[PDB]
Every structure is written in structure tokens, then in C-alpha cells.
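In the form deposited in one PDB entry, a lone chain appears below as C-alpha cells.
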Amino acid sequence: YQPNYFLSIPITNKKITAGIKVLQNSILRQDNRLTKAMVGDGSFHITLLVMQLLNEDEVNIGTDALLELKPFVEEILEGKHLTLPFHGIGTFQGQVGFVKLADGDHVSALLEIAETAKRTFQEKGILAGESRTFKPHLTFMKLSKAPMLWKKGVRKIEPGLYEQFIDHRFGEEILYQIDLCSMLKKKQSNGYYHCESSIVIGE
């Protein structure tokens, strides 16, 4: 199915987003027509769960399900913060560029949170989650965002473009806020997705 909503972990560590800005700019000085492929300032996030919310009631139901999820995430973390280290760069078939989530104990915990999120939402009547493997990543560019690129010979992200950032430590994000975000609504003033509601997992 086509999702229109998602649970989002926003990137709040300014060092991470500043490092990505540098990466994006270095790519652009090499090839400036990649401008519209870059994800917008202020939009950086990890997608935790996708879903469909198709009316006002369902948007309210999503918000309820997010609230209900909070204690579950607290249970899962067992008194330790979840730290997500962002290191290196990867692509999905040369069309989507992303900062990689480093391997570690956090990946399994994150996956557990994603599956518990999927269950919590479905038990409230929300079509959520996917059948494909959860592979969290921090997107910085998508060629699909700039349709004219095909139309003029740019049909893959040149791996040389981000060569210098291949083993760049962008930084670490501690899980705290989880946002319920609209994919299709107008973005916030600061560049972030439209947010229906948020919880904090935190403190």
C-alpha cells in the first residue's frame, strides 16, 4: 500500500545535520544540477513506521496509538538510552543517498520498537508497517525528487561524489522524541514534516 503518514525520529543533534549539510553542499559543488534531489534543511529523520491515516478520525486514532506506544518503548529500553550512531554513506540502487546507521545493539532494540509500534497501531485499526525488512537509514537525497534529472542524463548517484564522507562519523542521536508526521501536508516553517502529535520517550 501507499503510506501517507509515518512515525519519525527527528535528528536533533546539530552536529549530524550540519555534517549532512556539508555532504550535500560538497556534492552540489561537483554537480549543481543535483540541487532539487537534496532533502530539505530541517527535514532530517529516521522513519520508524509507515501507515495510512485516511480521515480525521483515523488521524486522531494514530495520535491515540502513538500515546499508547510510549510505555511500550520505555519497557523495551530497560532503563538505558537508545543511541543511534550515524557513520558512512550508502545508496538504494543509486537512486537514494543515505547516511548509514552503524551496526550495534541499538539496531535490534530499534527493530523491536518498530515491530511493537506496528502492532500497537494495527490493534487500533490502522494499516501500518510493511512486509519488507526494516532497514533504518538517514536519507539525504533522492533522484525521484528531481524528475528533470532523468530527462537530462543523470540517472544514478555517482559514488565518487560522496567518496570523502565514506567513513565520516556524522554523530549520535539519542532516542527521545517520536513524531507522527504527514508525508503529504505542507512542511513546517523550519523545514520539518507536518506533525500531528509527538511523544517523548525520555527523559
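Just count from 1 along the sequence shown to find any residue number.
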> Mean CA B-factor: is it higher for 69-77 or for 129-137?
Replying inline: 129-137
>> What third of the chain does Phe44 rank in for C-alpha temperature factor, lowest, middle or highest?
In response: lowest
> With respect to C-alpha B-factor, does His106 fall in the lowest, middle or highest third of the chain as deposited?
Replying inline: highest
> How does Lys14 rank on Cα B-factor within its chain, lowest, middle or highest third?
Replying inline: middle
> What third of its chain's C-alpha B-factors does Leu54 belong to: lowest, middle or highest?
Replying inline: middle
>> Quick check on the deposited entry: does the C-alpha B-factor of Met183 sit in the lowest, middle or highest third of its chain?
In response: middle
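Separately, the form deposited with a small molecule bound exists; it is not shown, and the next lines address it.
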> For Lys70, is any heavy atom within 4.5 Å of the small molecule in the entry with it bound, or not?
Replying inline: no
> in the entry with it bound, does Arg33 have a heavy atom within 4.5 Å of the small molecule?
Replying inline: no
> Would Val96 sit within 4.5 Å of the small molecule in the entry with it bound, counting heavy atoms only?
Replying inline: yes
> Is the gap between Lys156 and the small molecule in the entry with it bound 4.5 Å or less for some heavy atom pair?
Replying inline: no
> in the entry with it bound, which of the stretches 113-121, 70-78, 129-137, 100-108 has residues with heavy atoms within 4.5 Å of the small molecule?
Replying inline: 129-137
